[PDB]
Structures are given as C-alpha cells and as structure tokens.
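Form deposited in one PDB entry, single chain, as structure tokens, below.
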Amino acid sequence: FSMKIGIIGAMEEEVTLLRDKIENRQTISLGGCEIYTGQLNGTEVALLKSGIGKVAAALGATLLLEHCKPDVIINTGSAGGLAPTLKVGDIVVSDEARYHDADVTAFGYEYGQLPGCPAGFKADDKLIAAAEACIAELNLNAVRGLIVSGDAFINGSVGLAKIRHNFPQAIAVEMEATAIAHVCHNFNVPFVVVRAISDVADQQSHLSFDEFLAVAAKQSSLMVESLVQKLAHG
C-alpha cells in the first residue's frame, strides 16, 4: 500500500489502454513527454509516454525517475519477434537488455557495450518471476530472454542478419528497452520489459506492424495490468 509502479511506453497507441484504466488520473507535461499519475485498481502508478527511440526513451525515463521516484519500472509496448516459436500477440519478457547498435570494439569493449556500462543490463529477478506467474495464470504463449534495442526499425535484409549474427540468442528487437534499462541502472532502479509481438522484423515487418500493433498493445497492456496487481498483492 506504499509502492509506486512506473510504467513506460513509447507511442500513444502503446499506452492509451493503460492510461484509460487509471483512477484519479492527472497529467504532467514536461520535457516534451507526458506522465499520467493515479492508481491502477488501487495501486499508485506513474505512466510515461516517451516517444520513439533511445534518446527520447532516456530523456523520459530520467524525468520519470527524478519527478516521480517510482519503485520499479515496467516497459511495455510492441516488439519484433526473433525467437522461432513466437507469433504475433505473444509475450516477451526480458532477462536482460543490450544495444544491438553500439560498437566501441575498436577499444576492446564487447559488441553492444558502451564504455562505463556493463555489457548488458539485467532485469530484476522478482519482477521477472511475477511476470511469469501472470503468463501462467493467463495461459499466454511467452518467451523469456535477451531483448536488443537500436535506433532503427528492423525490416529484414542485413539489418536483421546483423542482429541474428551478433546476438544469436536474442528473442526480440525494439527501440527503447535498453535505453530505459541503462537509465534505471544508473539510478539503481529495478526494471523489467514485458512487450508483445507485432511483427517478426522481416521484409513485411512494416505491414505486419500496421495490422497488428493493436493486438500487441492489447496483449502487452493486459500483462502489465496483471503484473501491477501481482506486485501489489499476490
């Protein structure tokens, strides 16, 4: 009864379902971002609409942390599925997050690692465990593992081949998760990424995205709602 859960989403479509469920909602406009405060079935939350990309996600995560001091962070939204058993609508939960477009290897850093940061950012065990409890309880098809972020919308070709080569075990790719993990790391705040598949990052990922962003938003939102409740009570 004294916990505040932070939730971050990039697009309007990705946060609108959660925003509409907030009781006593109030809006905070700042730094070009929007923060919606209130409760989700009695649980205090702070929902940030960040905008697309690493910097927008970083700027917004920083404002959310400074301004609302949430206890944990949940990143929601869509994603391009990379694991083989994933289908549109399926859930992906992060074990860890890495930049697939960072390269300071000329200096001896691991591919994807930036100087002064760990090669990858690890998601919180408890948060990950609660997300799986919800996946079991809702009987959804989900996959857990490494999620990679970059500032490009992956649409087949070499973009996708480069990723599969450098991160063979990556299960999904998107554009804000790792930026958020990075900010949470520097502020020492627990985070987890729980997104849903809207495409498979191949040559038609853009068309698939147009057709299924809605189901990914809906499925991701349902998961966030369940996770907020499980973290609040049990």
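A residue's number is simply how far along the shown sequence it sits, counting from 1. Rigid core: the largest C-alpha set superposing within 1.5 Å between the two forms.
If you look for the form deposited in another entry, you will not find it shown, but the lines that follow are about it.
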(Q) Given a superposition on the rigid core, I'd like a yes or no on whether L207 shifts its C-alpha by 2 Å or more between the shown form and the other one. (A) yes
(Q) With a threshold of 2 Å on the C-alpha, tell me if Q169 counts as moved between the shown form and the other one once the core is superposed. (A) no
Q) Where do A129 and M11 end up in the other entry, Cα atoms closer or farther than shown, with a change of 3 Å or more? A) closer
Q: Since the C-alpha distance between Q203 and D151 changes by 3 Å or more in the other entry, give its direction relative to the shown form: closer or farther.
A: farther
